[PDB]
Amino acid sequence: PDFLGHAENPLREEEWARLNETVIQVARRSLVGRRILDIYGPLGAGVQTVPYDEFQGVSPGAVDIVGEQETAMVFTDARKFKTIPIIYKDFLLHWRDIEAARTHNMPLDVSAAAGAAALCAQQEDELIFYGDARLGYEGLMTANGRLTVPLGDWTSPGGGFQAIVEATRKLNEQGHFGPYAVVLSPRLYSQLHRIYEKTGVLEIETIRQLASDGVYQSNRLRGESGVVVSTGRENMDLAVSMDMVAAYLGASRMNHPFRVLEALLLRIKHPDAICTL
Amino acid sequence: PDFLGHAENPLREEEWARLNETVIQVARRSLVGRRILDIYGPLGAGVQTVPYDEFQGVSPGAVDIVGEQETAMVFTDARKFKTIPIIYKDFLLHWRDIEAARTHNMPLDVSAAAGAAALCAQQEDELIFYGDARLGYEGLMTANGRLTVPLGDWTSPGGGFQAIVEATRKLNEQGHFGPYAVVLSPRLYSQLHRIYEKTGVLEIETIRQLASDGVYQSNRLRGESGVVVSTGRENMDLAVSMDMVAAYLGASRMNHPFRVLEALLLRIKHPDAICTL
Amino acid sequence: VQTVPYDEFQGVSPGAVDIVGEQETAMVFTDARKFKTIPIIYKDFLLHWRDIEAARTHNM
Amino acid sequence: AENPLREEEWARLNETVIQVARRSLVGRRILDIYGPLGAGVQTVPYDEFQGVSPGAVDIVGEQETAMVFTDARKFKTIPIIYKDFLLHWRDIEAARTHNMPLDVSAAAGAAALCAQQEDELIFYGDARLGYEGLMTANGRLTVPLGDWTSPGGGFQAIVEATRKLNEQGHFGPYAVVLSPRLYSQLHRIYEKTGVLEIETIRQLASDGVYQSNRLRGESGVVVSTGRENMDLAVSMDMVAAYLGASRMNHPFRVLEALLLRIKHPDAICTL
Amino acid sequence: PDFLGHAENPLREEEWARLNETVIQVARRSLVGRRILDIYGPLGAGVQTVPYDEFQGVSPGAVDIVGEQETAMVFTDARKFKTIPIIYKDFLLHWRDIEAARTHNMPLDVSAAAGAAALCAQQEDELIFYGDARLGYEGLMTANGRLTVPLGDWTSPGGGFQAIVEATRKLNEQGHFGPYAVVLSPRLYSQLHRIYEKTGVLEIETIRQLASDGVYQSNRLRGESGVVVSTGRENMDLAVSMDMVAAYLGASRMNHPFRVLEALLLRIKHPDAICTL
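Residues numbered from 1 in each chain as written, not as in the entry; some residues may be left out. Chains lettered and ligands numbered in written order. Part of a larger assembly, values for the part shown. Heavy atoms only, no water. Residues with missing side-chain atoms left out of burial classes, pairs and counts.

The deposited coordinates derive from cryo-EM, with the record listing a resolution of 3.4 Å.

The PDB entry annotates chain A as EncA originating from Myxococcus xanthus. The title given to this entry in the Protein Data Bank is "M. xanthus encapsulin shell protein EncA with T=3 symmetry". Of chain A, the UniProt comment under Subunit reads exactly: "The 32 nm encapsulin nanocompartment is formed by 180 subunits; monomers form pentamers which assemble to form shells. There are 36 pores where the pentamers meet as well as 3-fold axis channels and dimer channels. The N-terminus of the protein is inside the shell." In its Subcellular location section, the UniProt entry covering chain A states "Encapsulin nanocompartment". (UniProt positions renumbered as here; feature names shortened; annotations may be inferred.)

Looking up chain D in the PDB entry gives the name EncA, with the organism given as Myxococcus xanthus. Per its UniProt entry, chain D bears the Subunit comment "The 32 nm encapsulin nanocompartment is formed by 180 subunits; monomers form pentamers which assemble to form shells. There are 36 pores where the pentamers meet as well as 3-fold axis channels and dimer channels. The N-terminus of the protein is inside the shell." If you open the UniProt record of chain D and go to Subcellular location, you find "Encapsulin nanocompartment".

So, in structure tokens, the structure goes:
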């Protein structure tokens, strides 16, 4: 039973199902990056490299009756073929909870799984919003060509939104408009909620109407920064080799450790739809 | 296989389906003109001319018990029979991604298709909102008899909406009222969002209630213009010979180029439900 | 069941990512088991033995 | 807009390309290839190196010494090398009715150019794209190949190169590649008694001493021929494909997809 | 229902065969010790101890008309058994590489296998040529009774022959002669391999004719030393318990590390057939 040890997999079908459901649910709850990024289809476990494709491109496109104008198609700047990293965390079970949960407490206790999945999602969000320079990866606030805008004039309601207005203007000058989105640091997301005298309407609602794809808040982003993006495809993507899955790590000291895994890579196909501080 | 070259069509059924789905989705995301214009049914590929029908017409219509009042039916001003142009863009595939995507990366990479479809939709929106004078076509801000109204008094909240009020008044004087709509340039759409002191309620909400068919923003329109329209049929239409479809262009240099096509023509059946700057 | 594993008090493992998949971050297991006991919350009410009888003929 | 040639002429074209390849490839006789992976793949894993872990623990039971693995996992993109030529429709018709050679001299020229480009790639990485070159590798163990044009010449340099390989704990059946100038001029037949100096070098190397005119004037290398030290990842062998008729003249393109991955850059010597 | 888990052997049959072939062949390439010596056959895994016979014997045979010599050669006091150590390395193989080699790109890479086995064989040759004091073993250049002889004459055109001549004379002085075999350090071997000795051809040919069992090269020896020995049995031996083979240690974080095993012990049954600097 539990003495032979190093069995292929301890848990049963139902317990695997509960573990996977819990990690999926906590991931969906705590992820902010995956809410404004269209995901690539799940490629598979084997794939380790994806075609990190574009840097630029423009072909205004023309129309005429016959159908002959000879406009060069947008193919690619130059292939780069980045490699897909892996994001993981790990938790533990006490080899008796698995045994108690077959007679006494029928639904197995998996709170450690949620605790691990929250940290995994935090690390993944940090990966999307920031590179690490140990793999040459690129981040939303670290990408080259970010169209920085000096936005420090806050603590006065007579402004603040004008920073995002200027961000939209800069995004428009580069010929790139669409459904915008904003991700802001807590130290400024809270500051937006201010109810200073001569209130009228809070700036958050105006910004929400101006963005039309939701203003989001994420703790992983640094204390004094915020970004504006264009949510569509062909500007950003999310290569997903495999989603949150819980796997086994053998049995150490007769307990049971597990690891939550996913293979994600952010590829920005158009590093022009970016604005920062 | 890939060496015989110049095959009839490289891709398989699934890859064609993904290409078409991607172009449809990006078109629906990036189109603003097709959201306030009821479309004519898809006529077919062969059709190249449509009955660009009306310029005017009025028959107040009367009622009496017997049913005899002899009011002339609205038939047509004069037939014109404009010709349907074609709007297209084109992209490329590297003949190995199509090969890798059958063993390694099961969902084929089609980011270039989205990049092309966005530009195609931009050009189509420019066609609706502006003519080109190389085909004698008519545009929303170029049509003759536009009921222009001097609207430059902005940067002060004590106004701005009154321009649209005057636009509605002018549309009413010509005996044409209904569910209104507004399409505004970014330089003024952002200006509406202003939170100048003595805020109360932002002008955008009041304008939205006044229009009752949504105030929209489009970058293709010029920097200092905006229009008010009546969304119903019998005033505007959209002849659609065929929607976004991706077609093949042979194989050049052993790669694979494709073209996104649609055949669209705007016909304004009543160039009185127009207001501009 | 009358006892449940009242489990944690703390725990942190920032979690790291690398290409190969080897960083050795300690999993969040538990501070120390405590095993609290499940109380019971109850109230009580009354019926007049005729309402139960009336409610089979008069007031369904 | 069609497909030009039938089976016989296609086979003749392919055979000519294969023959010129197998004649002109010098790298394929010194490095063994990772099996043809198909046209699908475009990336491959890469080297492991300076795994300094003696592993000589030599204790009953066992210690916990460090395992050997890739020093830094990363990938490389397999290039594509191609040459394009042309054929005339009237030429095909003539070869179909009047005479029947179907001249394929252009195909032979294309294959020769492709093979020369490939060999230059193996012996010199493309600096612009950025790869690893046998004479430009990092950690090359340079040895002065000078003071030649002497009675005791190339032998004194090859023995030094072999002792530098062996000192680095990397030995086996070696192979040598020399520039044509030396590989001809090295025939200083008199070592002392009767045996060609190149012959005694070949006895010392035991896996041939080849020449490749692509090298520079006064350069040459010696390597360890086994696998797990050097490799040649192939995606598809040299083959001719059709680019589609244009203006009724049929173009063509000969393709090859190669990339060498020097796993253990300790088997190198140069000038 | 997939690769995840702490299961038993991940590698399929043919993959195991390729791993075993690789380790065997790289061992055969990298072993110099097991050519000068000769091995007591494979005893098996279980045998942890082997006899270690006492020391020299100056007792020769004799011939008489009627056998009465009694030809005694008897071990005196004990037998001082010894134990057979083990040598090993690591095989950190990624799980994604194994996964790719199943339904995708499939040249299963075992470069780490060859590297680790080469390191293991290098350590083993270091063991034969140099004992380690921690286990209290004896090495050929650090045994007792090496019959030292100075060299002090190389770097000359022909000052290498007389060194081995003197070594052979000293080795025959102890009444211990036979087919000699020489092992030399790298730089010493190359220097010996120099130009004609001014009295014929390359010195190594004469040295090889004099030795009658070859002159071998060992990088693992120190800078400026070398040995000559008597290749026969009844003088030296290499007790083998089990030859090089790769076995599965366990499951790492998610990878699979292996370990290469071989159990060898040298027995200098007659420390008279050793000569050094």
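Colleague: Any chance you could explain the overall build of chain D here in plain terms?
Modeller: When you go through chain D residue by residue, the secondary structure sums to six helices and nine strands. Across chain D, contacts joining residues at least 24 apart in sequence account for 80% of those joining residues at least 6 apart. (Helix = DSSP H or I, 4+ residues; strand = E, 2+ residues; numbered from the N terminus. Contact = heavy atoms within 4.5 Å.)

Colleague: Help me understand the sheet that holds strand β1 (residues 39–40) of chain E, please; the structure alone is not making it clear to me.
Modeller: By definition, the strands of a sheet pair up through backbone hydrogen bonds, in either a parallel or an antiparallel sense. Residues and elements named next belong to chain E. One open sheet accounts for three strands, arranged β1-β7-β8; its pairing is mixed. Each end of this open sheet is capped by a strand with a single partner; those strands are β1 and β8 (258–267). Here strand β7 (residues 237–248) pairs with β8 via nine bridges, running antiparallel. Across the sheet, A247 pairs through a bridge with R259, a residue of β8. Packing against the sheet, helix α1 (residues 13–30) makes contact with β7 and β8, and its axis sits at approximately 145 degrees to β7. Across the sheet, helix α4 (residues 111–129) touches β7 and β8, and the angle it forms with β8 is around 20 degrees. (Pairing = 2+ DSSP bridges. Axes fitted to C-alpha atoms, helices over the stretch in contact; angles between N-to-C directions.)

Colleague: Which parts of the structure should I look at to understand the packing of aromatic side chains?
Modeller: Both the distance between ring centres and the angle between the ring planes are used here to describe each pair of aromatic rings. Per the counting criterion, the structure on display carries 16 aromatic pairs over all chains. Ring geometry for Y248 of chain B versus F258 of chain B: centroids 5.2 Å apart, planes at 40 degrees, classification tilted. Within this pair, whereas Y248 of chain B is found in strand β7 (residues 237–248), its partner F258 of chain B is found in strand β8 (residues 256–267), the two being separated by ten residues in sequence. Accessibility assignment for this pair places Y248 of chain B and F258 of chain B in one class, buried. On the basis of an interplanar angle of 50 degrees and a centroid distance of 5.7 Å, the ring pair of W10 of chain D and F252 of chain D is categorised as tilted. Taken together, the residues span a long stretch of sequence, with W10 of chain D in helix α1 (residues 7–24) and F252 of chain D in strand β9 (residues 250–260) at a distance of 242 residues. For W10 of chain D, a relative accessible area of 22% gives the class partly exposed. (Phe/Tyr/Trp six-rings, centres within 6.5 Å; stacked < 30°, edge-to-face > 60°. Buried < 20%, exposed > 50% of the residue type's maximum accessible area, 1.4 Å probe, protein only.)

Colleague: What's the story with the interface of chain A and chain D in this structure? I'm lost.
Modeller: A common way to state how big an interface is: give the accessible area lost once the parts meet. Chain A puts six residues into the contact, and the matching count from chain D is five residues. Both faces combined, the contact of chain A with chain D buries some 450 Å², and carbon together with sulfur accounts for 62% of it. Its largest share of buried area at the contact with chain D, chain A owes to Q48, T49 and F81 of chain A, together 80% of the area lost on that side. Grouping the amino acids of the side of chain A that touches chain D by side-chain chemistry returns one nonpolar, three polar and two charged. (Buried area = accessible area lost by both parts, 1.4 Å probe. Nonpolar A, V, L, I, M, F, W, Y, C, P; charged D, E, K, R; others polar.)

Colleague: Quick question: what am I supposed to make of helix α4 (residues 161–173) of chain B here?
Modeller: Side chains three or four residues apart in an α-helix point the same way, a direct result of the helix having 3.6 residues per turn. All names here are of chain B. When the terminal C-alpha atoms of α4 are compared, their 19 Å separation across 13 residues agrees well with the 18 Å that a helix rising 1.5 Å per residue should span. Those residues of α4 that sit buried are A163, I164, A167, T168 and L171. Angularly, the buried residues of α4 cover 140 degrees about the axis, an arc narrow enough to put them on a single face. Those residues of α4 that are buried are in contact with β4 (180–184), α6 (203–211), β6 (226–230) and β9 (274–275). (Expected span 1.5 Å × (residues − 1). Arc of directions from axis to C-beta.)

Colleague: Sorry if this is basic, but what is going on with the packing of α4 of chain B against α6 of chain B here?
Modeller: The description of two helices packed together rests on the angle between their axes and the distance between the axes. Residue and element names in this part refer to chain B. Contact geometry of α4 with α6 gives a least axis separation of 10 Å together with a crossing angle of 15 degrees. With respect to α6, the axis of α4 lies roughly parallel. Relative to α6, α4 is oriented so that their crossing is right-handed. Contacts from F161, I164, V165 and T168 in α4 reach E203, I207 and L210 in α6. (Parallel < 35°, antiparallel > 145°, perpendicular 65-115°, else oblique. Left-handed = near helix turned anticlockwise from the far one by under 90°.)

Colleague: Can you walk me through the pattern of salt bridges in this structure?
Modeller: It is possible for side chains of opposite charge to pair when their charged atoms get near one another. Residue and element names in this part refer to chain A. In this structure the tally under the stated criterion is 47 salt bridges over all chains. Residues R34 and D243 are paired through a salt bridge, measuring 2.7 Å at the closest nitrogen-oxygen approach. Here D243 lies in strand β7 (residues 237–248) and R34 lies in the loop between α1 (13–30) and β1 (49–50), a separation of 209 residues in the sequence. Residue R34 is classed as partly exposed on the basis of its relative accessible area of 24%. Assessed through its relative accessible area of 29%, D243 is described here as partly exposed. (Salt bridge = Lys/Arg side-chain N within 4 Å of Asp/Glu carboxyl O.)

Colleague: Sorry, what's going on with the nonpolar core here?
Modeller: All names here are of chain E. Judged by nonpolar contacts, the single largest core of 54 residues is most densely connected at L19, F91 and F129. Put simply, the parts of the chain that give this core at least two residues each are α1, α3 (95–103), α4, β4 (180–184), β6 (226–230), β7 and β8. If one sorts the elements of this core by residue count, α4 sits on top with seven residues. Apart from the residues lying within four places of it in its own chain, the contact partners of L19 are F91, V110, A113, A246 and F258. (Core = buried A, V, L, I, M, F, W, Y, C linked by side-chain atoms within 4.5 Å.)

Colleague: Help me out: how do you make sense of the interface of chain B and chain A in this one?
Modeller: If you look at the interface, chain B gives 49 residues, while chain A gives 49 residues. Tallying contributions element by element places helix α3 (residues 111–129) of chain B first for the side of chain B that touches chain A, with eight residues. Tallied by class, residues from the side of chain B that touches chain A come to 23 nonpolar, 15 polar and eleven charged.

Colleague: Explain the relation of the copies chain B and chain A to me, please; I cannot follow it from the model alone.
Modeller: Relating one copy of the chain to the other takes a rotation about an axis and a shift parallel to that axis. Of the transformation superimposing chain B on chain A, the axial component is 0.0 Å and the angular component is 72 degrees, with the fit at an RMSD of 0.0 Å. In short, the pair behaves as if placed about a five-fold rotation axis. Closest approach to the rotation axis among the C-alpha atoms of chain B is made by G200 of chain B, whose C-alpha sits 3.8 Å away. (Least-squares fit on C-alpha atoms.)

Colleague: Whenever I open this one, the packing of α1 of chain E against α4 of chain E confuses me. Can you help?
Modeller: All names here are of chain E. It is the contact of α1 with α4, at a shortest axis distance of 9 Å, that shows an interaxial angle of 40 degrees. Comparing their axes, α4 and α1 come out oblique. Taken as a pair, α1 and α4 cross one another with a handedness that is right-handed. The residues of α4 that touch α1, namely those facing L19, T22, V23, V26 and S30, are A113, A114, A117, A118, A121 and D125. Here the contact of α1 with α4 is composed, by residue class, of eight nonpolar, two polar and one charged.

Colleague: Got a minute to help me understand helix α7 (residues 203–211) of chain E in this structure?
Modeller: Residue and element names in this part refer to chain E. Inspection of α7 places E203, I204, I207 and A211 among the buried residues, and these make up the whole buried set. Around the axis of α7, the buried residues are gathered within 90 degrees of arc, so they sit on the same side. Looking at the packing, one finds that the buried side of α7 touches α5 (161–173), β4, α6 (186–192) and β5 (212–217). Of the residues trailing α7, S212 is marked for its positive phi of about 75 degrees.

Colleague: What is the right way to look at the pairing of strand β7 (residues 220–224) of chain D in this model?
Modeller: Two faces make up the sheet, and in a regular strand the side chains alternate between them. Extensive coverage of β7 of chain D is indicated by the burial of five of its five residues. Side chains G220, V222 and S224 of chain D of β7 of chain D all project onto a buried face; the interleaved residues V221 and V223 of chain D project onto the opposite face, where all are buried too.

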